[PDB]
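Chemist: When you get a sec, could you give me coordinates for this:
(chains A, B, C, D, E and F)
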Amino acid sequence: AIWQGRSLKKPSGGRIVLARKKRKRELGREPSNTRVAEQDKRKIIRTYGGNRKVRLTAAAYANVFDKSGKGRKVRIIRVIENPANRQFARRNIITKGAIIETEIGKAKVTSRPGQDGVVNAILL
Amino acid sequence: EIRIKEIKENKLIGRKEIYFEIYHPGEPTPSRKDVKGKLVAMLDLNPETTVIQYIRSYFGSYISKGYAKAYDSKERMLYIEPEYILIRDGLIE
Amino acid sequence: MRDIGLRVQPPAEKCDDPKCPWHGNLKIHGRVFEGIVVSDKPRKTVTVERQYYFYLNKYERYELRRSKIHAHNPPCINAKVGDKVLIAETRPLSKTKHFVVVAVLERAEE
Amino acid sequence: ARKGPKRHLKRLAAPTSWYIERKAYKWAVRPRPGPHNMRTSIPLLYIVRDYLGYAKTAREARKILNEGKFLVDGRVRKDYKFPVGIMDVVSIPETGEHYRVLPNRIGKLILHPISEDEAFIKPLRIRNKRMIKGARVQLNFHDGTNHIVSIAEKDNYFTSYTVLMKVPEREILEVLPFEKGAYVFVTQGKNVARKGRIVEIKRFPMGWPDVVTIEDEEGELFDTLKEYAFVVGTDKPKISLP
Amino acid sequence: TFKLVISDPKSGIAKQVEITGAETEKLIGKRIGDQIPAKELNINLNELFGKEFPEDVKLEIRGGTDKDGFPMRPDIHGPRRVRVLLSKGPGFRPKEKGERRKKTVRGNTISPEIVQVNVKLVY
RNA sequence: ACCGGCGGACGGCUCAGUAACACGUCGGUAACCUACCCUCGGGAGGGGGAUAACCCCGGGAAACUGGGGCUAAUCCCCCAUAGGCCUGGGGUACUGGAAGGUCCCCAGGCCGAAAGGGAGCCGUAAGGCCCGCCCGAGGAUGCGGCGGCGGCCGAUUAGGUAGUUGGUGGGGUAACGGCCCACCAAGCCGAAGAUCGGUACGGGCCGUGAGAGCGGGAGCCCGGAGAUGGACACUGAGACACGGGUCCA
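Modeler: Numbering: from 1, shown residues only, chains lettered A, B, ... in the order given. Sure, structure below:
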């Protein structure tokens, strides 16, 4: 499972024994790993309490924004730099804060595809 | 004898509620039929609509407590008053 | 100058962090304590110490206890050891960081 | 182990505001969520059975509620788990009887009888204010009800003011303000079932609400919190208050 | 002795017949949904159903049950027995929504072990 | 008997673990969720499709299980608009000690509602009375996570800890956070006894004593944990679910 819970070690260091099983409310979910493709492929996910959330597994277009506040829907050519990891830019992975190359030029992603389901960025 | 401590009126249920005391010095606790047929006199009540719930026989006392109903229509008691006490009073077989 | 709701002047420096209560998105709600800085080695971190006297019901004397607390040190104030500081409960921030410095009542040299 | 939402409530754990014998039985009516909190309400069923003696058995009580013979705030309610809370008006038209729910000096609720003409007015504390789309102002009361009004009328109201609500048709009648010298009836605390006048409002930072000081009829001064202070008149109580 | 049940969409009437001998060899190696002229199958269907049927009337294999009673799932290749976890589909009748149960169900391909075969008429 | 509305995540039972923010108190969410319940503003259109039951036949000892005929809704499905989400820019009011949030305008994008009804009175009827549906904003019930302090024995257990401790940037979550991940640093705990072991659910309490105190947590209530041991899913508002499912022993 993906369990987002207690560290097995105390702050001082004494290893912590578990006293109960894990809880479904406490587990997480797989990583989206949003990628560059020719079309937008998305998965809606039922979530805790019946909510919903859509998840981009492949992205084709982006909403870039001018500093003035005017938005352009455009395509995404390739990712320039991913500060989150070095493996991601090599594998066209799309993540918030990444520097991306579109037809307009250089943009910085200011949205999370994993949770938002769309990719917004600011022209630089 | 019978002496009424209280008569109150449930208007939401259209019924009279009667608290009374029964004096039975040296003589066994009375049967339900007699107390009903004798209480029926002095408030001018229909026997069918009237039901007696409990006659508590006190230890070492010649006074027994008594508590009874008096409805205003046949349908209301069937609708509300549950079958068991009707069987105890005989109003249902 | 933005209000924290605690009677203390604001730090002169304006930092760009998202974790300065005077210069960020985070809030404050919970108790306020006071204490002394004992260690500052980890980045943007502080361990505040607190001494107090505790009463033994069987012995009718007093036990002086020392209590430590981890908290976050924003760069605007830049707390150092030897300094009397004010601490407030804050949003969970790290594995253990759950309090934040709000001011330096009195630095070490004084 | 427990695995989610309860559906029961043992008699022994019941709130201290209910004049209910506790060791006679074990099971009580768990109130469903509603206008007023657990700590300031009781199921209507207990009101029918105990506080009015109209029903000896809960089944019969439920039958009478099914008949819909009861008017709370000018609305019939069949739910025998309804939280009937503080400063509500209970009206029985079949009997022409009207009471208001109010705590005791001890911290328990009683039905103080009121005149029929008063039975249509309900004062509501203004818990909070909010802006809803369309720039409309929505006010959330102490009892959980909500009232919508215009942007222009926003300053007519402020939190901690009392609105005399016309419950039968939901019409706002008057707005008693919170200012020095109002007449205030306490809701909770040790000063419960007290009525006095305000001299000072203690502005308390650091998470602690406003402590108002109340001056009683006899001039004695005491203190309580803002939220426990419920205004009922500028200089005299506009409702019969024991 | 394969027990073949032939069902008519036109009439909503189904009848059982038996198959033994070389005709059995004809139905071995086939799969659900496979089509076969009735001539190679050699039944006087006009006599059993008491109606005129075009000579090009064909029979399509749809389903049946094993000897023990495990139908063949059209979604499972092979004629063997395999355990599958069924949330839906043939051979699984759920009761409670979202319930899942593991069963052993035959794969689509017909086998000699299979004793019941189902076919639908087609014109 | 059917899909379908609900419930079988409560209540019933027990004390192995667990030395822990499990728990008692007070705070604590501006970082959560929320079906049935309450209040307020708005909405409830069009179109299509499905298969049970029943009838014809079937297997296997069973458990269980096949095909054909047609069938229903508030069932399923597409659209209509709102509405949900995220971002940029520009402003103004509400809340609140506080922060920033919410309010409005503009700009960019994906996602994206409904349901009528059994009866009766009037109305030719529609419609109204009663019940039921959905969006949005609150409340309320229950729950999630953060914290100071309180509460055992051993030194013939003295050094301990590597996602170890913090920082940058992200991921996933209902939600904040090393919960995870990539990088950058060398921390953090311990003689006001860590680490390790022995021991053990915590409280309201109870037995004894003139009391100081000593000893104990079985019987009721509150909170915590479990379903032979382990481990993993689906349905769902709520679960890893005594009377639901899968493997291993």
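Chemist: and the residue of chain B found nearest chain C, how many neighbours?
Modeler: Residue nearest to chain C within chain B (CB to the nearest CB): residue B:12, separated by 50.2 Å. From N, CA and C alone the C-beta is placed, and that goes for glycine too. Neighbourhood size, residue B:12 [other CB atoms under 10 Å in any protein chain shown]: 18.
Chemist: how close does it sit to residue A:82?
Modeler: Residue B:12 sits 74 Å away from residue A:82, taking CB to CB, to the nearest Å as the criterion.
Chemist: and what of residue B:61?
Modeler: Using CB to CB, we find residue B:61 at a distance of 94 Å from residue A:82.
Chemist: okay, now the closest residue to residue D:207 other than its chain neighbours: neighbour count?
Modeler: Nearest residue to residue D:207, sequence neighbours excluded (CB to CB, 6 or more residues apart in numbering or on different chains): residue C:29, at 6.8 Å. For residue C:29, the neighbour count with other CB under 10 Å is 11.
Chemist: Three-state assignment for residue C:29, please.
Modeler: Secondary structure, DSSP: H, G, I helix; E, B strand; the rest coil: residue C:29 is coil.
Chemist: hang on, the earlier thing: show me what contacts the residue of chain B closest to chain C?
Modeler: Neighbouring residues of residue B:12 by CB atoms under 8 Å, 6 or more residues apart in numbering or on different chains: D:54, D:64, D:69, D:92, D:94-95.
Chemist: run the last query once more with 10 Å
Modeler: D:48, D:52, D:54-55, D:64, D:67, D:69-70, D:92, D:94-95, D:97 (CB atoms under 10 Å, 6 or more residues apart in numbering or on different chains).
Chemist: Could you say which helix or strand holds it?
Modeler: Residue B:12 belongs to no helix or strand when assigned by DSSP states H and E.
Chemist: now the helices: where do they sit in chain D?
Modeler: Assigned by DSSP state H, the helices in chain D fall at D:44-46, D:58-66.
Chemist: Need the winner for burial among those helices.
Modeler: Each of the helices of chain D was scored by mean neighbour count; the highest is helix D:44-46, a mean of 22, by mean count of other CB atoms under 10 Å in any protein chain shown.
Chemist: Quick check: which helices or strands does it pack against?
Modeler: helix D:58-66, strand D:83-85 (3 or more CB pairs under 10 Å, 6 or more residues apart in numbering or on different chains; DSSP states H and E).
Chemist: how about JSON lines for these, with distance to RNA strand F added?
Modeler: Shown next, in JSON lines, are those (distance: least, CB to the nearest atom of the strand, whole Å):
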{"stretch": "helix D:58-66", "distance to RNA strand F": "11"}
{"stretch": "strand D:83-85", "distance to RNA strand F": "7"}
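Chemist: residues in chain D within reach of chain B, list them.
Modeler: Residues of chain D lying close to chain B (CB under 10 Å from any CB of the partner chain) are D:48, D:52-57, D:59-60, D:63-64, D:67, D:69-70, D:92, D:94-97.
Chemist: on that earlier part again, backbone dihedrals for the residue of chain B closest to chain C, both of them.
Modeler: Here is the backbone geometry of residue B:12 (degrees, to the nearest 10): phi -60, psi -20.
Chemist: Now do the residue lying farthest from the centre of chain A against residue A:3, distance only.
Modeler: In chain A, residue A:14 marks the outermost C-alpha relative to the chain mean, sitting 34.6 Å out by CA atoms, centre = their mean. Residue A:14 is 21 Å from residue A:3, where distance means CB to CB.
Chemist: which residue is nearest the middle of chain D?
Modeler: By CA atoms, centre = their mean, chain D has its centre lying nearest to residue D:86, at 2.0 Å.
Chemist: Note down every partner strand of the longest strand anywhere in chain A and its orientation.
Modeler: In chain A, assigned by DSSP state E, the strand with the most residues is strand A:71-81. Note on strand A:71-81: by DSSP bridges, its sheet partners are strand A:61-65 (antiparallel), strand A:99-102 (antiparallel).
Chemist: who touches the first one?
Modeler: With CB under 10 Å, 6+ apart as the contact definition, strand A:61-65 has outside contacts at A:39-40, A:70-77, A:94, A:100, A:102-111, A:113, A:118-124.
Chemist: can we see that at 6 Å?
Modeler: A:71-76, A:104, A:107, A:119-123 (CB atoms under 6 Å, 6 or more residues apart in numbering or on different chains).
Chemist: Now render these as CSV, adding neighbour count.
Modeler: Shown next, in CSV, are the contacts of strand A:61-65 (neighbours: other CB atoms under 10 Å in any protein chain shown):
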residue, neighbour count
A:71, 11
A:72, 13
A:73, 9
A:74, 16
A:75, 13
A:76, 22
A:104, 16
A:107, 24
A:119, 26
A:120, 17
A:121, 25
A:122, 13
A:123, 16
